[PDB]
Structure formats: C-alpha cells, structure tokens
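Structure record follows, encoded as structure tokens.
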Amino acid sequence: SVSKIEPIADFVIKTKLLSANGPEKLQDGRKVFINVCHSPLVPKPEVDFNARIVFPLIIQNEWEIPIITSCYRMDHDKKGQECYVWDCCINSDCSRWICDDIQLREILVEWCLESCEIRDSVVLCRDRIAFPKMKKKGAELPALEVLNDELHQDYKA
C-alpha cells in the first residue's frame, strides 16, 4: 500500500550540479534547488534534540534527522537554462529544532545535499551555496509516495 505525504514548504537551498553519474542525463554546472520541507508523517529521531546529547551521537553516526527525498524535477531560469529541483521532507518537529539551533541547521542542510547525491548519483557544490528568502522553488510541492514502513511509527497502518 502506497501512502502520500503532502509536504509543508519551509526554506530553499540553492547550489550547483558539479557532476551527474546516474542512469539519466543532466547538464553539469546547472543551478540546483532543494526544497527543505516538512510533515508530521516523516519519522523523527527517538532521542529528543538536546545539543550536548545529540552532537556526540551525530559524530558516532547514531543520530540523524530522517529525510524523505523526492525524484528531481526540471525548472528553467529566465535565459531558458535548465535547473534541477528536489524536495527534502523532514518531520515537522525537526523543522522547529533547526530554527533554534544554527549548528543543527547546518548539519541538516549537509544531510539534504547528501540525500540528493545518494538517490540520483549527482555531486553538488558545497561552496556555491546560497539560501533564497523564498519558502520553495516552483509551484505546489508535489506529494511524496511512500510505503507504509517508511511512515512515522504513529502514522503506519
């Protein structure tokens, strides 16, 4: 059974595509946008966010904010050049944690970049990075199709 997660727009990561080694063709050097968004349907860490507890767990690879990433979609800039867009959906509580702790927000941004890199075999720039003041890139964020074992425990069947 496939469930739908309708993400709530939050903020955008702007970057650059350095290389594409995946099953599909992408143009190197094109602008990349990542929509960091949220839903209460995304799993969340079992350990509540407390900086002194959690940052050592992150170093130990024992704690992470779960991310559900969409397939990429194409948009175009004003000169007609292709730009690639991904949605990275996290639990709504985790979206509030990254408001109050800038160190956690930086790590979450890195996790979102790695998530797109993993799912589509792309390499994204860590230097040519920006944070547009918009909530999302593009029109309505499309629904994420997920299996029931991917949902937050309290929202499973």
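Numbering starts fresh at 1 for the residues of each chain in the structure tokens, the chains themselves are lettered A, B, ... in the order given, and ligands are numbered from 1 as they appear.
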Nearby residues (only C-alpha atoms) at most 9 Å from residue 115 (chain A), same-chain spacing under 3 positions excluded, as a list in words = residues 67, 68, 69, 88, 110, 111, 112, 118, 119 and 120 of chain A
Would you mind writing down, as a ChimeraX atom specification, each residue of region 34-116 of chain A that DSSP on the backbone assigns to strand (DSSP E)?
-> /A:34-39,68-69,73-76,82-91
Can I get the selection written as a PDB file, in the first residue's frame, with N, CA and C atoms?
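Okay, again.pdb is ready:
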```
ATOM      1  N   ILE A  34      16.984  22.890  -3.659  1.00  0.00           N
ATOM      2  CA  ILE A  34      16.447  21.862  -2.780  1.00  0.00           C
ATOM      3  C   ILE A  34      15.391  22.503  -1.896  1.00  0.00           C
ATOM      4  N   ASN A  35      14.156  22.004  -1.973  1.00  0.00           N
ATOM      5  CA  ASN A  35      13.073  22.459  -1.123  1.00  0.00           C
ATOM      6  C   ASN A  35      13.090  21.688   0.206  1.00  0.00           C
ATOM      7  N   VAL A  36      13.552  22.329   1.302  1.00  0.00           N
ATOM      8  CA  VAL A  36      13.523  21.724   2.642  1.00  0.00           C
ATOM      9  C   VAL A  36      12.119  21.965   3.161  1.00  0.00           C
ATOM     10  N   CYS A  37      11.407  20.902   3.386  1.00  0.00           N
ATOM     11  CA  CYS A  37      10.009  20.977   3.720  1.00  0.00           C
ATOM     12  C   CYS A  37       9.696  19.968   4.807  1.00  0.00           C
ATOM     13  N   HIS A  38       8.472  19.977   5.333  1.00  0.00           N
ATOM     14  CA  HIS A  38       8.190  19.071   6.443  1.00  0.00           C
ATOM     15  C   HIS A  38       6.765  18.516   6.450  1.00  0.00           C
ATOM     16  N   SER A  39       6.574  17.474   7.258  1.00  0.00           N
ATOM     17  CA  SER A  39       5.301  16.819   7.511  1.00  0.00           C
ATOM     18  C   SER A  39       5.384  16.034   8.821  1.00  0.00           C
ATOM     19  N   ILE A  68      13.002  12.252   3.651  1.00  0.00           N
ATOM     20  CA  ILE A  68      12.371  11.607   2.522  1.00  0.00           C
ATOM     21  C   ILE A  68      12.543  12.590   1.346  1.00  0.00           C
ATOM     22  N   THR A  69      13.265  12.151   0.311  1.00  0.00           N
ATOM     23  CA  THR A  69      13.626  12.979  -0.843  1.00  0.00           C
ATOM     24  C   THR A  69      12.847  12.551  -2.055  1.00  0.00           C
ATOM     25  N   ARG A  73      13.033  17.208 -10.324  1.00  0.00           N
ATOM     26  CA  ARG A  73      12.191  17.723 -11.388  1.00  0.00           C
ATOM     27  C   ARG A  73      12.926  18.889 -12.052  1.00  0.00           C
ATOM     28  N   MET A  74      12.516  19.239 -13.274  1.00  0.00           N
ATOM     29  CA  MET A  74      13.202  20.288 -14.006  1.00  0.00           C
ATOM     30  C   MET A  74      12.401  21.569 -14.038  1.00  0.00           C
ATOM     31  N   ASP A  75      13.112  22.667 -13.839  1.00  0.00           N
ATOM     32  CA  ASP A  75      12.633  24.029 -13.967  1.00  0.00           C
ATOM     33  C   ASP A  75      13.593  24.738 -14.909  1.00  0.00           C
ATOM     34  N   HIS A  76      13.300  25.976 -15.275  1.00  0.00           N
ATOM     35  CA  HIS A  76      14.163  26.699 -16.197  1.00  0.00           C
ATOM     36  C   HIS A  76      14.367  28.111 -15.691  1.00  0.00           C
ATOM     37  N   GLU A  82      18.297  25.043 -17.992  1.00  0.00           N
ATOM     38  CA  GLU A  82      17.781  24.028 -17.071  1.00  0.00           C
ATOM     39  C   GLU A  82      18.269  24.203 -15.635  1.00  0.00           C
ATOM     40  N   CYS A  83      17.368  23.976 -14.670  1.00  0.00           N
ATOM     41  CA  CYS A  83      17.734  23.931 -13.260  1.00  0.00           C
ATOM     42  C   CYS A  83      16.983  22.751 -12.620  1.00  0.00           C
ATOM     43  N   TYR A  84      17.649  22.076 -11.681  1.00  0.00           N
ATOM     44  CA  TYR A  84      17.117  20.847 -11.088  1.00  0.00           C
ATOM     45  C   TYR A  84      16.656  21.067  -9.688  1.00  0.00           C
ATOM     46  N   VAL A  85      15.486  20.526  -9.396  1.00  0.00           N
ATOM     47  CA  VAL A  85      14.793  20.737  -8.132  1.00  0.00           C
ATOM     48  C   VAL A  85      14.481  19.400  -7.447  1.00  0.00           C
ATOM     49  N   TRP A  86      14.820  19.304  -6.156  1.00  0.00           N
ATOM     50  CA  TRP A  86      14.491  18.171  -5.287  1.00  0.00           C
ATOM     51  C   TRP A  86      13.748  18.669  -4.082  1.00  0.00           C
ATOM     52  N   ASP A  87      12.871  17.840  -3.523  1.00  0.00           N
ATOM     53  CA  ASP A  87      12.221  18.188  -2.252  1.00  0.00           C
ATOM     54  C   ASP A  87      12.817  17.270  -1.196  1.00  0.00           C
ATOM     55  N   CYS A  88      13.189  17.809  -0.046  1.00  0.00           N
ATOM     56  CA  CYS A  88      13.736  17.028   1.082  1.00  0.00           C
ATOM     57  C   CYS A  88      12.818  17.273   2.270  1.00  0.00           C
ATOM     58  N   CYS A  89      11.972  16.286   2.604  1.00  0.00           N
ATOM     59  CA  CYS A  89      10.952  16.390   3.630  1.00  0.00           C
ATOM     60  C   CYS A  89      11.388  15.751   4.935  1.00  0.00           C
ATOM     61  N   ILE A  90      11.291  16.521   6.010  1.00  0.00           N
ATOM     62  CA  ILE A  90      11.671  16.059   7.344  1.00  0.00           C
ATOM     63  C   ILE A  90      10.448  16.127   8.246  1.00  0.00           C
ATOM     64  N   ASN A  91      10.552  15.556   9.450  1.00  0.00           N
ATOM     65  CA  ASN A  91       9.464  15.636  10.405  1.00  0.00           C
ATOM     66  C   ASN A  91       9.292  17.089  10.819  1.00  0.00           C
TER      67      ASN A  91
END
```
Have a look at A:92, A:78, A:28, A:101 and name the one nearest to residue 55 (chain A); count only C-alpha atoms.
->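 Using only C-alpha atoms, residue 55 (chain A) sits closest to A:101.
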Could you write out, as a VMD selection string, all the residues of chain A that DSSP marks as alpha helix (DSSP H)?
-> chain A and resid 51 to 59 92 to 100 102 to 120
Distance query region 132-135 of chain A at most 12 Å, only C-alpha atoms, self and fewer than 4 positions along chain excluded, as a PyMOL selection string | chain A and resi 7-15+32-38+87+139-141
Find, counting only C-alpha atoms, the residue in A:41, A:102, A:26, A:79 that gets nearest to residue 149 (chain A).
->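 Among the listed residues, the smallest separation from residue 149 (chain A) belongs to A:41.
Residue nearest residue 4 (chain A), chosen from A:150, A:145, A:100, A:114 and counting only C-alpha atoms: A:145.
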